[PDB]
Structures are given as C-alpha cells and as structure tokens.
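Below you'll find only one chain, the form deposited in one PDB entry, shown as structure tokens.
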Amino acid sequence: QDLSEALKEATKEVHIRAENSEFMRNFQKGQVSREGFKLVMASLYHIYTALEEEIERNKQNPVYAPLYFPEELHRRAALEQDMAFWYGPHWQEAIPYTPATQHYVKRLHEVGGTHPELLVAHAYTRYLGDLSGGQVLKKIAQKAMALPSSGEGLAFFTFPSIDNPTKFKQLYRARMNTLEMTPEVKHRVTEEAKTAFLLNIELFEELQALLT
C-alpha cells in the first residue's frame, strides 16, 4: 500500500472529527470574528515557523527531501504579512503564543530534531489541508469579515506559486510514494499524522474556550 493511500486511510476518521470541531463548525457557518481569526492565524504563525525551521534543518535528508517545496508551499512569509495586517507594525511583541500552540511547536521540534523520518506526517497534515479545506475557509473568511479580493489579511491561504492545487496535491502524493518505505516507517508515519491532527483539534478546542 502506497504511503499516500495509507495516510488518507489512517487520518480519514480523525479528519472528520477535526473539521467538525466547534471552532471550525462555527467558522464554516460563517461565524468567525476578527478576535477569533487573529488568534488562530497567530497560532498558525508559530506552528508553521517551527515546521519550516525543521524542514530547512532536514531539507537534504533523504527521509524528507523529495517533499522539499519551499517556493510552492512554505507559509512563514505569508503569515508574517498577515500578522502585520492584523496586529500592526509591531506584531512581534503583540501576538499570542497559547499553551496548545506551544505543545504543537514542541512536538514539531522533537520530530524535526530527533525523528526526522516522521516529518512528512506533519507537512502532509498541514500543507495538503491548506490546499483543500483551507481554500473553502478562505472564501468564508472573505465574506464574513469583508476581506478584499486583493488578498490582504489572507496571504496564508494564497499560493501564488501553485497554479492548480488539485494537480499539485497529486504531484505531492506521488512524491510521498517515492520515499524509502519499510513497515516500521510506514506504521509510525501514519501514527504521527493522527497525532498531528489531534494537535490541531486540541488547538481549536483551546482557542474556542479562550473566545468563550
């Protein structure tokens, strides 16, 4: 069984739970406000910063290298633009760093520094989602908060280097299938993907509570 199919199969159940989280459920209803949106994007800023730091650390490592797509996928730069938009010129010392966000970042550094063969699970979970449901969320956000079609405030959801998200995802899945695979690595990569999804769910549950 190809890794791409193993991952989709392994995370299909938890994905349902994730997309139905209270925060996401509200977001999908169009019920999303500046306060809540700023909290989640600031949290993603920290998460992608950690993820991409570990990707750079392991860019030449065979267990990840085939999936090294900084130009097409990396979100750090985009998130910095969004942080300046939502939090202003000095967003650096204004943005929050919640406990659940810190927990996610902690696991990312553990994986990147100690278990790099599992990094693919984290890139898969975040990037492929951004190119899927994230695109629907972008449209909901624009309508709900009156964000311009020009993109300001939603740079994170925009991929100027990817003409067709659907085609790119197919390319990415194919590339994941070229990674050196053994039963041990395949088993743990799918388990780590489940963990990645749980870290996201816990983040959303935390943000929803903070807003409430």
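Take the two forms, superpose them, and find the largest set of C-alpha atoms that agree within 1.5 Å; that set is the rigid core. Note that residue numbering follows the sequence shown and begins at 1.
Missing here is the form deposited in another entry; even so, the following discussion is about that form.
K.L.:
Taking only shifts of 2 Å or more in Cα after a rigid core superposition between the shown form and the other one, tell me which of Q170, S161, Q31, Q60 qualifies.
P.N.:
After core superposition, the one over threshold is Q31.
K.L.:
At a 2 Å cut-off on C-alpha positions, does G113 qualify as shifted between the shown form and the other one after fitting the rigid core?
P.N.:
No, the C-alpha position differs by under 2 Å between the shown form and the other one.
K.L.:
Can a Cα shift of no less than 2 Å be assigned to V136 between the shown form and the other one, given superposition on the rigid core?
P.N.:
Yes, its C-alpha moves 2 Å or more.
K.L.:
Please say whether the CA atoms of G134 and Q102 come closer or move farther apart in the other entry, knowing the change relative to this form is 3 Å or more.
P.N.:
Between the C-alphas of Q102 and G134, the gap widens in the other entry (3 Å or more compared with this form).
K.L.:
Given that the CA-CA distance for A50 and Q28 shifts by 3 Å or more in the other entry, does it become closer or farther?
P.N.:
Compared with the shown chain, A50-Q28 is closer in the other entry.
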